[PDB]
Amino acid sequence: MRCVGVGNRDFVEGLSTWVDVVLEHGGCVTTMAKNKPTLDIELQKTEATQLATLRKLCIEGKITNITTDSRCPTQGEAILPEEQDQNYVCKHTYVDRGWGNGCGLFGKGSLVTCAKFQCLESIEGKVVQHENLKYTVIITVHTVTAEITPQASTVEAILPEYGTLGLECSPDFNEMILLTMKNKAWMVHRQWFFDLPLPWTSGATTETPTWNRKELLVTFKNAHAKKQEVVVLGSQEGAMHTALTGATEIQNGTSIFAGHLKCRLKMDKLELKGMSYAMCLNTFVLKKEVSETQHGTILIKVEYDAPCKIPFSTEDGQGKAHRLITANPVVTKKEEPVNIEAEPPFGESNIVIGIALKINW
């Protein structure tokens, strides 16, 4: 049904009302109290609601529009209009000139090369603010979601037919930055992201951006005083993944599982359903063999009059007795089976369901 079969499952009981629990992702807690229904609390989602894209780092870029300008000695340095264009990365050098290549004078003449930079593949850096954290909790009764914010810490949700439950939950994001790649995400420190050796631009959502620190992926190397060649560093994707293997990984969506939530349940106004129902007088049919759920508890699958209480009793060689994990089992329809979770009887005995089937296990 739910919360059954989960390995990291906690059973918490109301003290001699209120119930204190700790929810963690991938885990479920089953709480039980005197005269109160047994419910399953599970932390479904923990999200960052709205994030601002602060930077876009370029991990793979391309080069277009290569332009060159050379001058003879005694004519000064070369000049390109593109040196002022921020789409271009440029560098000056000096090359051997003379009569042989069109100069009246022999010497080293200035040369400038500019390449137009375009990013093909990029990653994003988003900002997380503590007030935009949104935990999602789901509450289910043994045969209703509520969202929790640091702004709205206490949540009152209504469980149909059982009353209303109260949830008082209590959970440095401004000093961390969420680094987003193709579909993954990591939580890293602000300064480290700021010092990443990759060209970046600020994601103003406007196309044809202006990239800064372009020299970190485009550099120049001049060979034997007769040319200048422009090189691209290549895809820094794997370098990023390697550098981020030790950072805290989340799932991207913006689902964080690096956070737990301690809550307090108020069952004062909780009412137990089916106290005015009659008992079922007909027979139950074993739908499945009973099995043990890793915690000693046993699951009994039965199929069925009216909405009724399910008669459940434990009798030894001679003499009956009354412990159920599923509180007040009720058959709502004859067509739909019901699963019953029980605390196993110690010592071989007769487990009677109805008024009836006999099962030992």
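Counting begins at 1, following the sequence as shown.
- According to the entry, the deposited sequence has 10 or more residues without coordinates between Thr143 and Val144.
- Note on 148-156 vs 236-244: mean CA B-factor is higher in 148-156.
- When 62-70 is weighed against 310-318, 310-318 comes out higher, by mean CA B-factor as recorded in the entry.
- Out of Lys116, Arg213, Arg97, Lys269, the entry records its largest CA B-factor for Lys269.
- Per the PDB entry, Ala33 shows the highest C-alpha temperature factor of the residues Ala52, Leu299, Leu57, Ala33.
- The PDB entry assigns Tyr88 a C-alpha temperature factor belonging to the lowest third of its chain's modelled residues.
- Among the modelled residues of the chain, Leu265 sits in the highest third by CA temperature factor in this PDB entry.
- Looking at the C-alpha B-factors along this chain, the one for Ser110 belongs to the lowest third.
- Ranked by C-alpha B-factor against the other modelled residues of its chain, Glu249 falls in the middle third.
- In this PDB entry, the Cα temperature factor of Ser202 sits in the bottom third of its chain's modelled residues, the lowest group.
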